[PDB]
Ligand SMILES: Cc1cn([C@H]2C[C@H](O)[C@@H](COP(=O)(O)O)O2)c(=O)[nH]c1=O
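Take a look at this single chain, the form deposited without thymidine-5'-phosphate (TMP), given in structure tokens.
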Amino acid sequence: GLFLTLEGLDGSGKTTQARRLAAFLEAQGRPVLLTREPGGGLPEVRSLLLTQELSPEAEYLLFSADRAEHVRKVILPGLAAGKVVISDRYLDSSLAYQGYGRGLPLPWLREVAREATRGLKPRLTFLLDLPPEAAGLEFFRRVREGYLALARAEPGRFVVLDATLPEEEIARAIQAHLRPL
């Protein structure tokens, strides 16, 4: 199997590009599982995450519970069956939003995640980099820059794309990075 994720602010186009990728790979003959966070593990998490004035720790722990179930019950079984599994959002979303955005310590985030994810990391992550005003502007600037920080740190895994480019051009770039895999 092959694990791929898409990341970015809401309205960055990462959702569009996840489905375009899923359809492209399917046309190459490859079995695909398209999924998303939050809700891919525990659909009821989407309710809890909207709680008024939720602490950043509680918000991250809810994302993590969802992720734990998502990895165990959906993603790992899909990879085991030889599928390309594509998730619209994964752990980097939490690192960018709860870590860089809300100020939680990244090492704690990663330690929680290590059991939650069983260490599962995608082979490639396509980050759609969107100017924060096109998404709490201060918050969104922190999240945007946090994503870029994550990408600088794991340049093997991240492919950073300009989300202001036409949808078709971004899809072609994504396809070009995959062809060799």
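Residue numbers here begin at 1 and follow the sequence given. The term rigid core refers to the most C-alpha atoms you can superpose between the two forms while keeping them within 1.5 Å. Only residues modelled in both forms are compared.
One more form of this protein exists, namely the form solved in complex with thymidine-5'-phosphate (TMP); it is left out here, but the text below deals with it.
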Is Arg36 close to thymidine-5'-phosphate (TMP) in the entry with it bound, meaning a heavy atom pair under 4.5 Å apart or at it?
yes
Please check if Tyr100 has a heavy atom lying within 4.5 Å of any heavy atom of thymidine-5'-phosphate (TMP) in the entry with it bound.
no
Given that the partner is absent here, does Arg152 sit within 4.5 Å of thymidine-5'-phosphate (TMP) in the entry with it bound, heavy atoms only?
no
Exercise: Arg118 in contact with thymidine-5'-phosphate (TMP) in the entry with it bound, heavy atom 4.5 Å:
no
Which single stretch, out of 152 to 160, 23 to 31, 62 to 70, 108 to 116, brings residue heavy atoms within 4.5 Å of thymidine-5'-phosphate (TMP) in the entry with it bound?
62 to 70
Could you list the residues in 1 to 34 that come within 4.5 Å of thymidine-5'-phosphate (TMP) in the entry with it bound, counting only heavy atoms and keeping sequence order?
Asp10
Please name the one residue from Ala58, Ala153, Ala27, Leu50 with a C-alpha displacement of 2 Å or more between the shown form and the other one, using the rigid core for the superposition.
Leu50
Outcome for the Cα pair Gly40, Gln52 in the entry with it bound, compared with this form (closer or farther; change of 3 Å or more):
closer
Kindly list the runs, ordered along the sequence, of 3+ consecutive residues whose C-alpha shifts are all 2 Å or more between the shown form and the other one once the two forms are aligned on their core.
50 to 53
